Amino acid sequence: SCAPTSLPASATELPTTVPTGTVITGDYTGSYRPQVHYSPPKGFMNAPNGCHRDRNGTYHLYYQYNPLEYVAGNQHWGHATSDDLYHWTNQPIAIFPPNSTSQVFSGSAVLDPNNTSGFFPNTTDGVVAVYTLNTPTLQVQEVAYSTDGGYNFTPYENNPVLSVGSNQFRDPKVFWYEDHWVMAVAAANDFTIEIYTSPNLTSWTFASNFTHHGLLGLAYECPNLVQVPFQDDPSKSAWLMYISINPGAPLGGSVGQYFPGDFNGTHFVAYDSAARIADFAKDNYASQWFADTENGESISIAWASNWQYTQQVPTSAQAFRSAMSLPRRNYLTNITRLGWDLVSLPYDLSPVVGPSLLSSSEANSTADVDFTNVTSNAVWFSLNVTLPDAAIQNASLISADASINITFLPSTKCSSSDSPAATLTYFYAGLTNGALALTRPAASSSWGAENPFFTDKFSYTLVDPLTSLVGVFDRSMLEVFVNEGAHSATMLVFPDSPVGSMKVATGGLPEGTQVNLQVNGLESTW
Amino acid sequence: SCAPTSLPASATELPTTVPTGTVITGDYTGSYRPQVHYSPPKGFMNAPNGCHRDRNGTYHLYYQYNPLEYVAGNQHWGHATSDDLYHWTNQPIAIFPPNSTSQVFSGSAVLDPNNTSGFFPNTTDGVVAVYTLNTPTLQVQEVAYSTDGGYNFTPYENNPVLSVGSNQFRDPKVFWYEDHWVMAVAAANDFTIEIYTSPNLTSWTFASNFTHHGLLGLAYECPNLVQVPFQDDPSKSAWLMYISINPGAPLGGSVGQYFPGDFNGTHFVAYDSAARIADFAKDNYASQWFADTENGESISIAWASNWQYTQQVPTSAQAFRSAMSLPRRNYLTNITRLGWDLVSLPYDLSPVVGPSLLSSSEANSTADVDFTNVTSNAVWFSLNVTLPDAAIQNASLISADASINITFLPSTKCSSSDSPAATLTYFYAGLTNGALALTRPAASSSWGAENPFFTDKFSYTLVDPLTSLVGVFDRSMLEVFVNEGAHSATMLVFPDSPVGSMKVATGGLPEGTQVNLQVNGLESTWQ
Ligand SMILES: *[C@@H]1O[C@H](CO)[C@@H](O[C@@H]2O[C@H](CO)[C@@H](O[C@@H]3O[C@H](CO[C@H]4O[C@H](CO)[C@@H](O)[C@H](O[C@H]5O[C@H](CO)[C@@H](O)[C@H](O)[C@@H]5O)[C@@H]4O)[C@@H](O)[C@H](O)[C@@H]3O)[C@H](O)[C@H]2NC(C)=O)[C@H](O)[C@H]1NC(C)=O
Ligand SMILES: *[C@@H]1O[C@H](CO)[C@@H](O[C@@H]2O[C@H](CO)[C@@H](O[C@@H]3O[C@H](CO)[C@@H](O)[C@H](O[C@H]4O[C@H](CO)[C@@H](O)[C@H](O)[C@@H]4O)[C@@H]3O)[C@H](O)[C@H]2NC(C)=O)[C@H](O)[C@H]1NC(C)=O
Ligand SMILES: OC[C@H]1O[C@H](OC[C@H]2O[C@H](O[C@]3(CO)O[C@H](CO)[C@@H](O)[C@@H]3O)[C@H](O)[C@@H](O)[C@@H]2O)[C@H](O)[C@@H](O)[C@H]1O
Ligand SMILES: OC[C@H]1O[C@H](OC[C@H]2O[C@H](O[C@]3(CO)O[C@H](CO)[C@@H](O)[C@@H]3O)[C@H](O)[C@@H](O)[C@@H]2O)[C@H](O)[C@@H](O)[C@H]1O
Ligand SMILES: *[C@@H]1O[C@H](CO)[C@@H](O[C@@H]2O[C@H](CO)[C@@H](O)[C@H](O)[C@H]2NC(C)=O)[C@H](O)[C@H]1NC(C)=O
Ligand SMILES: *[C@@H]1O[C@H](CO)[C@@H](O[C@@H]2O[C@H](CO)[C@@H](O)[C@H](O)[C@H]2NC(C)=O)[C@H](O)[C@H]1NC(C)=O
Ligand SMILES: *[C@@H]1O[C@H](CO)[C@@H](O)[C@H](O)[C@H]1NC(C)=O
Ligand SMILES: *[C@@H]1O[C@H](CO)[C@@H](O)[C@H](O)[C@H]1NC(C)=O
Ligand SMILES: *[C@@H]1O[C@H](CO)[C@@H](O)[C@H](O)[C@H]1NC(C)=O
Ligand SMILES: *[C@@H]1O[C@H](CO)[C@@H](O)[C@H](O)[C@H]1NC(C)=O
Ligand SMILES: *[C@@H]1O[C@H](CO)[C@@H](O)[C@H](O)[C@H]1NC(C)=O
Ligand SMILES: *[C@@H]1O[C@H](CO)[C@@H](O)[C@H](O)[C@H]1NC(C)=O
Ligand SMILES: *[C@@H]1O[C@H](CO)[C@@H](O)[C@H](O)[C@H]1NC(C)=O
Ligand SMILES: *[C@@H]1O[C@H](CO)[C@@H](O)[C@H](O)[C@H]1NC(C)=O
Ligand SMILES: *[C@@H]1O[C@H](CO)[C@@H](O)[C@H](O)[C@H]1NC(C)=O
Ligand SMILES: *[C@@H]1O[C@H](CO)[C@@H](O)[C@H](O)[C@H]1NC(C)=O
Ligand SMILES: *[C@@H]1O[C@H](CO)[C@@H](O)[C@H](O)[C@H]1NC(C)=O
Ligand SMILES: *[C@@H]1O[C@H](CO)[C@@H](O)[C@H](O)[C@H]1NC(C)=O
Ligand SMILES: *[C@@H]1O[C@H](CO)[C@@H](O)[C@H](O)[C@H]1NC(C)=O
Ligand SMILES: *[C@@H]1O[C@H](CO)[C@@H](O)[C@H](O)[C@H]1NC(C)=O
Ligand SMILES: *[C@@H]1O[C@H](CO)[C@@H](O)[C@H](O)[C@H]1NC(C)=O
Ligand SMILES: *[C@H]1O[C@H](CO)[C@@H](O)[C@H](O)[C@@H]1O
Ligand SMILES: *[C@H]1O[C@H](CO)[C@@H](O)[C@H](O)[C@@H]1O
Ligand SMILES: *[C@H]1O[C@H](CO)[C@@H](O)[C@H](O)[C@@H]1O
Ligand SMILES: *[C@H]1O[C@H](CO)[C@@H](O)[C@H](O)[C@@H]1O
Ligand SMILES: *[C@H]1O[C@H](CO)[C@@H](O)[C@H](O)[C@@H]1O
Ligand SMILES: *[C@H]1O[C@H](CO)[C@@H](O)[C@H](O)[C@@H]1O
Ligand SMILES: *[C@H]1O[C@H](CO)[C@@H](O)[C@H](O)[C@@H]1O
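Basis of the calculations
Residue indices run from 1 on each chain, following the sequence as it is written; they may not match the entry's numbering, and residues absent from the coordinates are omitted. By the order in which they are written, chains take letters starting at A while ligands take numbers starting at 1. With hydrogens and water stripped out, all remaining heavy atoms of the structure feed into the side-chain values. Any two of the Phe, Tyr and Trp rings considered here, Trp counted by its six-membered ring, make a pair once their centres fall within 6.5 Å; the pair's planes then place it as stacked at under 30 degrees, edge-to-face at over 60, or tilted in between. What counts as a helix is a DSSP run of H or I of at least four residues, what counts as a strand is a run of E of at least two, and both are numbered from the N terminus. Only protein chains enter the accessibility calculation, which uses a 1.4 Å probe; a residue whose area is less than 20% of its type maximum is buried, one above 50% is exposed, and one in between is partly exposed. Whether a charge sits over a ring depends on NZ of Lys or CZ of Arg being within 6 Å of the ring centre and within 35 degrees of the ring normal. Should DSSP find at least two bridges between two strands, the strands are regarded as paired. To obtain each axis, a line is fitted to C-alpha atoms, and for helices this fit is confined to the stretch in contact; angles are then taken between N-to-C directions over 0 to 180 degrees. Note on definitions. A residue lies near a molecule or strand when any single heavy atom of the residue is within 4 Å of it. Side-chain atoms alone can form a polar contact between residues adjacent in sequence; in general such a contact is a pair of N or O atoms within 3.5 Å, and within protein one must be able to donate a hydrogen while the other accepts it. Calculation of accessible area relied on Shrake-Rupley with a 1.4 Å probe; when residues are assessed, cover is drawn exclusively from the protein chains displayed. The contact criterion used throughout is that any non-hydrogen atoms of two residues lie within 4.5 Å. Two parts lose some accessible area (1.4 Å probe) when they are put together, and adding that loss for both gives the buried area. Take a side-chain nitrogen of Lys or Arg and a carboxyl oxygen of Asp or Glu: if they are within 4 Å of each other, that pair is a salt bridge. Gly counts as polar in this scheme, as do all residues outside two lists: the nonpolar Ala, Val, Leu, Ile, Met, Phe, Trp, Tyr, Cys and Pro, and the charged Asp, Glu, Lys and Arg. UniProt positions are given in the numbering used here, feature names are shortened, and annotations may be inferred rather than shown by experiment. In this entry, domain limits derive from an automatic or database-based domain assignment.

## Section: the packing of aromatic side chains
Part 1 of the reasoning: Taken as a whole, this structure holds 84 aromatic pairs over all chains when the rule is applied.
Part 2 of the reasoning: Residues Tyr59(A) and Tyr347(A) carry aromatic rings whose centres are separated by 6.4 Å and whose planes lie at 70 degrees to one another, so their mutual orientation is edge-to-face. Of this pair, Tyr59(A) sits in strand β2 (residues 59-66) while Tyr347(A) sits in the loop between β22 (339-346) and β23 (353-360), and the two are 288 residues apart along the sequence.
Part 3 of the reasoning: Using a relative accessible area of 3% as the deciding quantity, one classes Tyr59(A) as buried.
Part 4 of the reasoning: Of the residues examined, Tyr347(A) reaches a relative accessible area of 14% and is grouped as buried.
Part 5 of the reasoning: Between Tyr177(B) and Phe263(B), the ring centres sit 5.2 Å apart and the planes meet at 80 degrees, which makes this aromatic pair edge-to-face. Of this pair, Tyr177(B) sits in strand β9 (residues 170-177) while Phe263(B) sits in strand β16 (residues 255-263), and the two are 86 residues apart along the sequence. Grouping residues by exposure puts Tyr177(B) and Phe263(B) together as buried.
Part 6 of the reasoning: In this structure an aromatic cluster arises from ring pairing among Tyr28(A), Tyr38(A), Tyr63(A), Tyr65(A), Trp88(A) and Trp526(A).
Part 7 of the reasoning: The aromatic ring of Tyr28(A) is capped on one face by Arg33(A), whose charged end is 4.1 Å from the ring centroid.

## Comments concerning the sheet that holds strand β11 (residues 192-198) of chain A
All names here are of chain A.
Part 1 of the reasoning: Spatial strand order, β9-β10-β11-β12: four strands in an open sheet with antiparallel pairing. The open sheet has two free edges, formed respectively by β9 (170-177) and β12 (205-211), since each of these has just one partner strand. Neighbour-to-neighbour, the strand axes of this sheet turn through a mean angle of 25 degrees, independent of strand direction.
Part 2 of the reasoning: Bridge count for strand β10 (residues 180-187) against β11 is seven bridges, and the pairing is antiparallel. Across the sheet, residue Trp-181 finds its bridge partner in β11, namely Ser-198.

## Concerning the site of ligand 1
Part 1 of the reasoning: Around ligand 1, the surrounding shell consists of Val164(A), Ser166(A), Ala187(A), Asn189(A), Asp190(A), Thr192(A), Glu194(A), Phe206(A), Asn209(A), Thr336(B) and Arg337(B).
Part 2 of the reasoning: Looking at what sits near ligand 1, you find residues from chains A and B.
Part 3 of the reasoning: Taking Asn209(A), its side chain carries an N or O atom lying 2.2 Å from an oxygen atom of ligand 1.
Part 4 of the reasoning: Bound to the protein, ligand 1 loses 34% of the 1100 Å² it would expose on its own.
Part 5 of the reasoning: Of all the secondary structure elements, the ones that give two or more residues to the shell around ligand 1 are β11 and β12 of chain A.

## Focus on the interface of chain B and chain A
Part 1 of the reasoning: Counting residues at the interface gives 46 residues for chain B, matched by 47 residues for chain A.
Part 2 of the reasoning: Interface area, chain B with chain A, both sides summed: about 3900 Å², of which 60% is carbon and sulfur.
Part 3 of the reasoning: When residues of chain B are sorted by the area they lose upon contact with chain A, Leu218(B), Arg337(B) and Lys457(B) head the list and together hold 17% of the total.
Part 4 of the reasoning: Counting every contact that joins chain B to chain A gives zero salt bridges.
Part 5 of the reasoning: Taken together, the connections running from chain B to chain A amount to 18 residue pairs in polar contact.
Part 6 of the reasoning: Of the residues forming the side of chain B that touches chain A, the biggest block, five residues, is contributed by strand β18 (residues 273-277) of chain B.
Part 7 of the reasoning: Split by residue class, the side of chain B that touches chain A holds 24 nonpolar, 17 polar and five charged.
Part 8 of the reasoning: As paired elements, strand β13 (residues 213-215) of chain A and β18(B) share three bridges and run parallel to each other.

## Some details on the UniProt feature "domain: Glycosyl hydrolase family 32 N-terminal" (unreviewed entry) in chain B
Part 1 of the reasoning: Residues annotated by UniProt as "domain: Glycosyl hydrolase family 32 N-terminal" (unreviewed entry) correspond here to residues 37-331 of chain B.
Part 2 of the reasoning: Structurally, residues 37-331 of chain B comprises 0% helix and 48% strand, and the distance from its first C-alpha atom to its last is 22 Å.

## With respect to the pairing of strand β20 (residues 299-303) of chain A
Part 1 of the reasoning: Burial runs high along β20(A): five of the five residues are buried.
Part 2 of the reasoning: In β20(A), alternate side chains face the same way, and those of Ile299(A), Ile301(A) and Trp303(A) on one face and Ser300(A) and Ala302(A) on the other are all buried.

## Thoughts on unusual backbone geometry
Part 1 of the reasoning: Following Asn159(A), the chain continues to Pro160(A) via a peptide bond in cis, the omega torsion being -10 degrees.
Part 2 of the reasoning: Tracing the backbone shows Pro160(A) in the loop between β8 (154-155) and β9.
Part 3 of the reasoning: The omega torsion of the bond from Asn159(B) to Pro160(B) falls at -5 degrees, within 30 degrees of zero and hence cis.
Part 4 of the reasoning: In this structure, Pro160(B) sits in the loop between β8 (154-155) and β9.
Part 5 of the reasoning: With a phi angle near 65 degrees, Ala286(A) is a residue other than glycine that sits in the positive phi range.

## So, the domain arrangement of chain B
Residues and elements named next belong to chain B.
Part 1 of the reasoning: Here chain B is partitioned into domain 1 (9-346) and domain 2 (353-522).
Part 2 of the reasoning: With 41 residues of domain 1 at the contact, the number on the domain 2 side is 36 residues.
Part 3 of the reasoning: Contact between domain 1 and domain 2 buries roughly 3200 Å² in total, counting both sides, with carbon and sulfur atoms accounting for 62%.
Part 4 of the reasoning: On the domain 1 side of the interface with domain 2, the three residues burying the most area are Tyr-32, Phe-280 and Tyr-309, jointly 23% of the side's total.
Part 5 of the reasoning: On inspection of domain 1 and its partner domain 2, the count reaches two salt bridges.
Part 6 of the reasoning: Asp-283 is the partner of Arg-440 in a salt bridge, and the nearest nitrogen-oxygen pair spans 2.8 Å.
Part 7 of the reasoning: Where domain 1 touches domain 2, the interface holds 24 residue pairs in polar contact.

## Focus: the site of ligand 9
Residues and elements named next belong to chain A.
Part 1 of the reasoning: Near ligand 9 you find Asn-264, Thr-266, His-267 and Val-269, and these make up its full shell.
Part 2 of the reasoning: In the environment of ligand 9, an oxygen atom lies 2.4 Å from a nitrogen or oxygen atom belonging to the side chain of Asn-264.
Part 3 of the reasoning: The contact in question runs from a nitrogen atom of ligand 9 to an N or O atom on the side chain of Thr-266, over 2.7 Å.
Part 4 of the reasoning: Across the complex, the protein chains shield 40% of the 360 Å² of accessible surface that ligand 9 would expose by itself.
Part 5 of the reasoning: Among the residues making up the shell around ligand 9, the classes are represented as one nonpolar, three polar and no charged.

## Describing the domain arrangement of chain A
Put simply, an interface is often sized by how much accessible area is lost when its parts join up.
Residues and elements named next belong to chain A.
Part 1 of the reasoning: Domain annotation for chain A reports domain 1 (9-314 + 321-346) and domain 2 (350-522).
Part 2 of the reasoning: On a C-alpha basis, the centroid separation for the pair domain 1 and domain 2 is 31 Å.
Part 3 of the reasoning: If you look at the interface, domain 1 gives 43 residues, while domain 2 gives 38 residues.
Part 4 of the reasoning: Taking both partners together, domain 1 and domain 2 bury about 3400 Å²; carbon and sulfur atoms supply 63% of that area.
Part 5 of the reasoning: Three residues, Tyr-32, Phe-280 and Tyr-309, lead the burial of domain 1 against domain 2; their summed loss comes to 22% of the area buried on that side.
Part 6 of the reasoning: Summed over the shared surface of domain 1 and domain 2, the number is two salt bridges.
Part 7 of the reasoning: The element best represented in the side of domain 1 that touches domain 2 is β22, accounting for six residues.
Part 8 of the reasoning: Among the residues making up the side of domain 1 that touches domain 2, the classes are represented as 21 nonpolar, 14 polar and eight charged.

So this is what it looks like as structure tokens:
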């Protein structure tokens, strides 16, 4: 009746030697184990790597993987595949360190259909991985190739392909621009993204530096240079430099930021000197965009944790630490006053959407949704609010108490007290007009209350009224999307008791305000 | 006796009409009332305004003041004076709105000793206030002058002195540059600081725009363009554009940010495109630098609150809402890797420093300091940690458990739950190496736990090891300064029970590590 809080030792015990060419079996039943998010069968996972789509339409996810412990280290590339970015199949480890004292750090993977590399005389489905090898004294860029569709990789003969004599030089993102390969790589502790060019992915020539932009934190990491379409006009696009920083994010630890601008194949130039943060909570880092997607599609995935507590979260008794974000569709838009904005929406959820739990059109009411019978313990919800045009043209018509309150409440059935696991509060007017508060109350979680970095409360302030809100709760994760993904937050929750229900309350809304609420159970992908 | 948690209605009841030419009496005895920070006798206070030092060395603090309510509105300039920025004397209201439908928003004040303005034919001690007047439809810059040393102000005859036909155009900061006046003013919702020039403070000419720099939030506010000396070399200085943003700070609501650069009298040019945040917590906003200070002394003060909860904090039963930060001495330094850094240190605390409560040289120990006998309920502490040169040249010598833990604990004597009111945790090594955590636990405060914006936990990560930590606790406020003020945080606390003691624990420190801990009670400045 209740998901296990602890698993048998056979499920959690890690091997003392790394398995080659065999899939690692995982038990995906833990009470904190997400059912629609990727997480590794066992061990520690961080940043996504080598994200690309085959011509056969299979999505390849690789990731920083420690197969020997529940903390960072011994980095290999784990591998999982999906046709829909929700139903994941675990694959054997894809990239190994040469020995016990070296590590495979982050990188990217590209299709080389025209065999510019020379690794692929007999296939048009060749994959090239470009990644950082970490030694005690250096970080260098290395190349590996795969003829079997990205499952098994062979080291390049003349590795390494790029060194600057530094041990802070990592996370290469390779892509095709017109007539050559581009590499974005971080000179991490110099707050510089170095852009290199190559015709064959093995011989790299310096092109330009992008330095000391936006928030510095303590290091630039996981650079992504991508073309992102406009939300309102698919035919228009702009280039985006996305940079992860860790430590030293404003909320503490790790965070991503972005710069809209122009790229001409050698040089990126930001449109302005403004700093812009992607997510208004703490648990979204090291976004990578999928290479070789179908026309127009900006698809990204991120690691749904924070370096300040990722190695301490109480999920190791359930055979894992860390999960990816929902896969995201990305756009650029202009929002009122602020201008440039990175839009993030969940990638098509239809394959995991189960039956309706509640449909309601009631304004100024409270809706109670029990989902103790939803075995996934995962729900999707949508809330649309349409203010009368009177209230839109004159905001002072709105009463000070006009609000939306969403609370996730502990199960009575599966228990061990009454604190919500998660809250969302939005005010249309009053003293905190446009303020959205997202909380994981300290009282709900013994582990959370004690961890000195596990921040309880997050906020974003809208200029425009809240018109749309989409949410996914998945056992130990809440993701929310506001105003068609204009604003986005990823938040981990570790409540003592599993979530059994949610309450959605609207109050003090102007006469003629329309409210539409839909809640659906999600189907487990494991 | 224990400090009262509620005051008599005569102490908290506000008048229905604004008093002119009379000092408003305050009761400064409340359990949350700071004893070494400025707060208004009663009513609601926000941003500091018109901050300047007169030639006789008196510091003038003005502030955004609602004399009629415990929330924002009806803005006047309140006034207080000090010789030392700790012993404050309340003064009558200094600037009034012309009528019931207008408000006096933020601004600055300058000495005009050479009478460039023409207001001062018979004095060299003339003060000029330049401030935003808010009407329902416009924000315009106005001038007022004072011949009595900044206590009573007269409107300029030909007000306003600057309009752009906007209702989002405010917070002028005026200063002398070589041979002319400069005004920095915010085109708030366009994320632009407009720089204007004037020979007489009444006629303003556009010079330049500084636009879309750093964090945008929802508005640019309270610009300050100041020359800040180098911490290591007083003969060197650089210009700093300091901008407040609200709402839309990363931690929510309000925060300040800065840009080191060059100013040539017309144009400010940032040295780089980097964004830099001043304070790593939530309760420091609208910093203003004092005009006409001695030498190159950079002196600032800020409002110690956050717009997300400032109007809801549970201090109105004690006749006030909001307090200023400690006054601060400012410098520029280079810190390892990050480079440019705004240094913030408490302005000379010696006039409020009372007797020693503890001096200890013990490493790897826990010191318990009771201060239930300190009537101010305010303490200063200094913690110096010197790692051996061995640990400096090879960091892997430091054990994963090498840490500093400071907890402020509720009084047993003045009880209204055992949770600390505030914590500071620093790790030298391990999985979160260099991470400093500052917390106001939800369990300590019923009001705090319920407020959806009152964040419990804040952090900054050092590259260099922590060598110095200075702290001031003052009833409802904690300020911490790290590595000679390289990093700074201001945090409000509203514990159910007043703080009675602090514990300082060091642990796991390398052999030969020196620790020096000093704790002193502070003397109340309110007589
Ligand atoms: C494109 O950008 C790249 C990346 O910025 C440029 O390459 C860098 O060039 C700069 C000079 O402009 C180099 O910086 C110098 O480094 C010297 C050596 O310092 C190192 O060695 C020291 C002693 O062993 C060591 O203490 C130091 O570490 C410390 O400083 C770090 C500074 O960030 C700090 O993070 C650490 O915590 C630590 O305290 C260094 O490892 C130094 O003597 C000079 O004063 C100067 O700082 C960088 O090393 C280069 N970086 C890389 C990786 O290439 C390149 O020039 C640009 N190219 C073009 C064409 O524009
Ligand atoms: C120095 O900086 C100030 C402050 O930025 C600047 O004044 C501003 O100028 C801008 C641009 O003219 C003004 O913006 C306009 O505002 C009106 C509404 O009153 C809008 O209708 C205009 O919209 C157009 O541009 C939009 C851009 O998003 C488009 O969406 C739209 O389709 C229109 O084409 C436009 O936004 C702004 O109001 C003023 N602000 C103030 C406070 O005066 C000044 O011009 C700069 N001076 C110099 C010399 O550079
Ligand atoms: O080199 C010493 C350091 O190595 C490991 O941490 C490395 C690096 O990991 C993180 O960076 C990213 C992004 O999160 O993660 C992969 C590696 O897993 C990198 O390619 C990528 O930039 C952190 O963000 C960095 O702070 C850190 O330097 C090891 O696990 C550490 O314990 C440490 O010893
Ligand atoms: O103008 C309409 C606006 O008036 C009031 O809010 C004004 C303004 O107050 C704050 O700005 C600063 C800095 O905090 O405070 C003073 C005013 O006391 C300004 O000179 C300065 O920029 C807030 O930060 C702003 O967001 C706010 O606009 C009133 O309280 C509002 O409801 C509104 O009517
Ligand atoms: C957001 O707005 C900016 C400014 O209005 C847009 O940049 C403009 O792009 C149009 C064509 O789409 C040009 O005609 C203008 O000259 C540009 N303005 C400036 C000053 O650069 C930008 O395209 C918009 N972005 C999105 C995502 O809609
Ligand atoms: C921090 O370091 C920077 C970089 O060295 C210093 O900037 C230089 O300052 C010197 C003298 O002031 C100039 O001669 C150089 O041309 C400057 N270089 C750059 C790139 O700006 C800066 O002075 C230092 N700041 C502090 C506070 O020490
Ligand atoms: C491990 O591999 C790295 C990278 O090739 C190499 O530099 C190092 O010498 C190897 N270690 C040993 C002990 O062979
Ligand atoms: C890549 O091309 C460059 C010059 O075009 C050349 O130096 C290098 O040998 C090439 N590498 C391969 C493996 O073809
Ligand atoms: C791209 O533009 C930069 C200047 O912004 C220029 O120096 C560089 O050569 C350009 N590259 C190409 C290939 O046009
Ligand atoms: C908006 O309605 C308020 C009353 O709630 C009124 O005082 C104000 O003048 C109106 N403004 C406009 C733009 O109609
Ligand atoms: C909601 O309640 C408010 C206050 O009671 C009322 O004025 C308003 O008409 C109601 N709104 C709707 C949409 O029912
Ligand atoms: C809200 O409107 C959007 C428009 O795209 C629609 O997709 C969604 O079904 C609506 N949500 C609800 C709860 O009706
Ligand atoms: C209030 O005074 C301001 C500034 O002098 C003026 O613009 C406005 O007309 C006055 N309003 C009323 C209602 O008298
Ligand atoms: C006053 O005049 C003196 C020289 O006579 C000049 O040095 C100083 O800068 C002037 N001060 C102001 C504030 O105008
Ligand atoms: C001018 O100043 C002196 C000294 O302050 C004073 O005695 C005299 O009366 C003043 N005259 C005027 C016009 O104020
Ligand atoms: C200030 O000086 C300007 C230019 O010299 C002039 O236009 C203006 O009338 C002066 N104002 C006063 C009050 O002297
Ligand atoms: C100040 O610098 C700007 C550009 O940085 C220049 O256009 C302007 O003429 C300069 N003004 C003076 C007073 O030198
Ligand atoms: C602690 O170190 C500071 C410098 O950071 C020094 O000035 C101060 O005297 C030291 N404190 C004590 C009590 O020695
Ligand atoms: C640093 O100390 C470690 C042990 O803590 C030792 O193994 C290593 O050899 C030392 N390296 C240097 C810098 O001497
Ligand atoms: C301080 O508390 C932290 C947080 O739990 C702990 O990890 C550390 O070992 C403690 N050290 C001391 C000085 O008590
Ligand atoms: C502090 O204690 C640690 C172990 O907890 C010990 O290794 C070290 O020698 C001690 N250092 C000092 C300075 O007493
Ligand atoms: C997880 O927690 C449950 C109680 O909720 C225990 O039964 C189990 O042993 C594990 O501690
Ligand atoms: C996985 O965790 C279980 C329970 O803590 C252990 O039995 C096992 O040794 C491994 O640590
Ligand atoms: C502060 O607590 C005191 C108890 O001493 C009460 O008098 C007052 O109501 C407030 O709660
Ligand atoms: C202030 O008001 C409080 C009300 O809670 C009293 O309890 C207290 O004694 C004082 O009158
Ligand atoms: C000032 O606050 C006190 C205590 O809450 C009240 O007695 C008075 O009416 C006013 O609210
Ligand atoms: C404020 O209003 C009070 C009554 O509420 C009067 O007594 C007073 O004169 C002033 O008008
Ligand atoms: C002092 O002036 C103020 C504002 O003009 C008034 O509140 C009061 O009536 C007296 O005239």
